[PDB]
Amino acid sequence: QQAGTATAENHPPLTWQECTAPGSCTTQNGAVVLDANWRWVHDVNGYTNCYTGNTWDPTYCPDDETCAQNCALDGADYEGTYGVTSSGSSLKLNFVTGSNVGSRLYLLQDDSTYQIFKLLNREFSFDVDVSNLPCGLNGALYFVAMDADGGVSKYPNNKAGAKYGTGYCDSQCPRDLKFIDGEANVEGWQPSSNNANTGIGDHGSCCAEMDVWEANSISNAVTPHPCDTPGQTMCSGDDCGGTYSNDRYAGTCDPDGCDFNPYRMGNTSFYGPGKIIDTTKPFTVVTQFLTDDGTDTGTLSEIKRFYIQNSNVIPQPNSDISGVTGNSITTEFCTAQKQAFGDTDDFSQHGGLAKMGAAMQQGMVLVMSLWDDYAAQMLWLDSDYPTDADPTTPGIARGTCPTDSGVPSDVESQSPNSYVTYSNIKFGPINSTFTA
Ligand SMILES: *[C@@H]1O[C@H](CO)[C@@H](O[C@@H]2O[C@H](CO)[C@@H](O[C@@H]3O[C@H](CO)[C@@H](O)[C@H](O[C@H]4O[C@H](CO)[C@@H](O)[C@H](O)[C@@H]4O)[C@@H]3O)[C@H](O)[C@H]2NC(C)=O)[C@H](O)[C@H]1NC(C)=O
Ligand SMILES: OC[C@H]1O[C@@H](O[C@H]2[C@H](O)[C@@H](O)[C@H](O[C@H]3[C@H](O)[C@@H](O)[C@H](O[C@H]4[C@H](O)[C@@H](O)[C@H](O)O[C@@H]4CO)O[C@@H]3CO)O[C@@H]2CO)[C@H](O)[C@@H](O)[C@@H]1O
Ligand SMILES: OC[C@H]1O[C@@H](O[C@H]2[C@H](O)[C@@H](O)[C@H](O)O[C@@H]2CO)[C@H](O)[C@@H](O)[C@@H]1O
Ligand SMILES: *[C@@H]1O[C@H](CO)[C@@H](O)[C@H](O)[C@H]1NC(C)=O
C-alpha cells in the first residue's frame, strides 16, 4: 500500500515508563498509530475509493500487486472519526463513533518504527478502566511478534509502513487484512455476510501472540498463543487456520491458547462488579514473564499475574478446577487445564511456552484495541461456551453474560458510548513496577 495523502496523519502521543527498580522509573515519550484496516483506501491520483464497504474497485485493484501500487492507506482523524484520544500516559478508545466500531493501535518508538519489547525475565504493568465495558466487548492489551518497521524493508510495495499501522499479525493468522506483505488481499476476497465493512481474503498474517489482557467488566483472560514460526509469516487459504478459516486448527498457530480466566478456573467471586477486583473502578494489572533459570536467556517457564486496587496487591486466585493446580501459567498447568476441560491441546502442538518464549526473544509489539466479535459474540470470554453445553461442566462457564449477549448489532446500538482507558504503562525487571 502507498502512504495516503487525502487526510493528514499525526500519531497521538502517549507516555510510558521504564523502571529499573521499585519506585525508580523514567519517562518515555511514545506515540500510537491506528491499524491499517481502519483507514480509507484511496486511489493515489484521484482520491476515490479503492475499497467501498466490503468490495474492491476492479480498475484500481484488478489483482493484489496492482492494487498495492494504485492505492493508499489514508491518514486518520483519531478523535473525530475513530474516538481515540490520549493525554499524558492515558489512551482512551471509544466504542462507536459514527459508523466506526472501536480501534486497534500500536505503540511507536518513532514515527516509522513500532516499539519492541523483550518480555523474557521482565514485568509489564498498566492501569485500566473497564467499568464501561459490558457483555460482548473486549478491551485488549497484548503483544504480537510483528516486524518493527511494519514490513517496509521486506516488501517494497508497502510504502505506508508502521507510520500507517501496517504489518499486523496474530495467532489467528488473520485473513481480514486488506494488505499483507505489500500485496492487497483482493484475489480471493470474500465479503462478510454480517459485517458491512469486512471480508476474508486468501492471504493471512500469522505470528505468536501474548494476550496479556482480554477483558471487560465481567471477565478477563491472560493467554499465550504459540506459532510454529514465531514471527510474522504469510499463510494462504484455509491452511491458515484461525478464526477466519474453515478449520481453526488447520494452520501453524494455536488459535485457542493456554488461558487463565479466574471465573473459568472456578473462582467467580474474584473479578467483576463489586468483586475482589472491583471492575466498577480502575485497577492495575501486573504480568511477569519468568524464565526457568531466572535470567534473560532462560526459557519462558511461568507467567504470573498480580492486581493492585486501592493500593492492595492481590495475586491471581488459584485454580479451583480438579486436576489443575496453582495461579500461574506453566507447562504443567496448561497440560492439565486442556485435559480437565476436554479441549484440544493445540498449545502443546505448536510448542507451548518454549515457542511463546522464542517469539518473545524476537521482540514483540504492544497492541491496544477495543472490539466486538462477529464470530462468537465474546461468549468465550464472558458467557457459557459453547452455548449448547451444560454450564456446570468445568470449562464451559467463563462469565455471567447470557448466551444471547454480545451480538454486534445489539451492543453497537445499546452501548455506543462504551470505552476502555489504558494508562500508566510501566515496564522493567521483575518486581520493578509495583510493591512486591
Ligand atoms: C477466590 O480467590 C480469592 C483470592 O485468592 C480468595 O480470597 C482469599 O481467601 C483466603 C481465604 O479466606 C484469604 O486468606 C486468608 O486471609 C486472612 C486475612 O488476610 C488471613 O488472616 C488468613 O491467614 C490464615 O490462613 C493462612 C492460610 O490460608 C495462614 O498462612 C495464616 O498464617 C493464617 O492462619 C488467610 O491468609 C485471602 O485474603 C483472600 N484474598 C482476598 C484478596 O480476598 C477466595 O477465597 C476465592 N474464593 C473461592 C470461593 O475459592
Ligand atoms: O474499510 C475502510 C473503513 O474502515 C472502517 O473500519 C473498520 C474496518 O474496515 C474493519 O476492517 C475493522 O474490522 C475489525 C473488526 O471489526 C474487529 O472485530 C476485529 O477485532 C480484532 C481486534 O482488533 C484484535 O485486537 C483481536 O485480537 O482480534 C479481533 C478479531 O479479529 O478487527 C478487525 C480489523 O482487523 O473494523 C473497523 C471498525 O469498524 C472505518 O470505520 C471507516 O472509517 C473506513 O472507511
Ligand atoms: O474462537 C473464539 C475464541 O476462542 C478462544 O479459545 C477458546 C476455544 O475456542 C474454546 O474451544 C475453548 O474451550 O476455550 C478457549 C479459551 O476461551 C481463543 O482464546 C480466542 O482468542 C478466540 O477469540
Ligand atoms: C519478587 O518479589 C517476590 C515477592 O517478594 C519474591 O518472592 C521474588 O523472589 C522476587 N523476584 C526477584 C527476581 O527478586
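Whatever order the structure lists ligands and atoms in, that order sets their numbers, starting from 1. Residue numbers run from 1 in the order of the sequence given. As a basis for the values below, the full set of heavy atoms in this structure was taken, side chains included, without hydrogen atoms, waters or symmetry mates.
Of the protein's heavy atoms, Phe270 CD1, 3.9 Å lies nearest to atom 4 (C) of ligand 1. The protein non-hydrogen atom at the shortest distance from atom 4 (C) of ligand 4 is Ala436 CB, 4.1 Å. In terms of protein heavy atoms, atom 12 (C) of ligand 3 is closest to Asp343 OD2, 3.4 Å. The protein atom (non-hydrogen) at minimum distance from atom 2 (O) of ligand 4 is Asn431 ND2, 2.3 Å.
Under a 4.0 angstrom heavy-atom cut-off, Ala221 registers as lying outside contact with ligand 3.
Contact annotation for atom 1 (C) of ligand 1: protein present (non-hydrogen atoms, distance under 4.0 Å). Distance remark: protein heavy atom not present below 4.0 angstrom from atom 36 (O) of ligand 1. Within a 4.0 Å radius of atom 26 (C) of ligand 1, the protein contributes no non-hydrogen atoms. When distances from atom 42 (C) of ligand 1 to the protein are checked, a heavy atom turns up under 4.0 Å. For atom 13 (C) of ligand 1, no protein heavy-atom neighbour is present inside the 4.0 Å cut-off. For atom 7 (O) of ligand 4, no protein non-hydrogen atom is found at a distance below 4.0 Å. Within the 4.0 Å cut-off (strictly below), a protein heavy atom is located near atom 50 (O) of ligand 1. Protein non-hydrogen atoms do not reach within 4.0 Å of atom 23 (O) of ligand 1.
Partner of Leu290 under the side chain to side chain contact (heavy atoms under 4.5 Å, CB included) criterion, out of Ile430, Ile303, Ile329, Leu120: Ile430 alone.
With rounding to the nearest 0.5 Å, the separation of CD in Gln337 from CG in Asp345 is 9.0 Å. With values rounded to the nearest 0.5 angstrom, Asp176 atom CG is found 10.0 Å from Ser205 atom OG.
By the criterion of a heavy-atom distance under 4.0 Å, the backbone of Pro255, and not its side chain, is placed next to ligand 3.
Residue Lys338 qualifies as enclosed at atom NZ: its count of foreign heavy atoms under 6.0 Å is above 12. Other residues, nucleotides and ligands contribute at most 12 non-hydrogen atoms within 6.0 Å of the CD atom of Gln361.
Outside the 6.0 Å centre-distance limit, the rings of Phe179 and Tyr164 are not counted as a close aromatic pair.
Annotation: cation-pi pair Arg104/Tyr168 present, NZ/CZ under 6.0 Å from the ring centroid and within 45° of its normal.
Here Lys92 does not pair with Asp129 in a salt bridge; the nearest charged N to carboxylate O distance is not below 4.0 Å. In summary, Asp35 and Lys178 do not engage in a salt bridge, as defined by a charged side-chain N under 4.0 Å from a carboxylate O.
Below 4.0 Å from some heavy atom of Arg264 lie the following atoms of ligand 3, by number and element: 12 (C), 13 (O), 14 (O), 16 (C). Remark: ligand 1 atoms within the under-4.0 Å shell around heavy atoms of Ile276 are 3 (C), 42 (C), 43 (O). The atoms of ligand 3 that sit less than 4.0 Å from any heavy atom of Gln172 are 21 (O). Near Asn267, meaning under 4.0 Å from any of its heavy atoms, are these atoms of ligand 1: 1 (C), 2 (O), 3 (C), 44 (C), 46 (C), 47 (N), 48 (C), 50 (O).
Between the choices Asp256, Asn138, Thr243, the shortest heavy-atom distance to atom 19 (O) of ligand 3 belongs to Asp256. The nearest non-hydrogen atom to atom 5 (O) of ligand 1, considering only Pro317, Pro262, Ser319, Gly266, comes from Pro317. The closest non-hydrogen atom to atom 22 (C) of ligand 3, taken over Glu214, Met378, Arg248, comes from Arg248.
Between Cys227 and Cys253, a gap of under 2.5 Å is found separating the two SG atoms. The SG atoms of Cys67 and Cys50 do not lie less than 2.5 Å from each other. With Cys173, the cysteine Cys240 has an SG gap of 2.5 Å or longer.
Of the possible polar contacts, one joining the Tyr82 side chain to the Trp38 backbone as a donor-acceptor pair under 3.5 Å is found.
When only interatomic distances are considered, the shortest N/O to N/O separation between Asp320 and ligand 1 does not fall below 3.5 Å.
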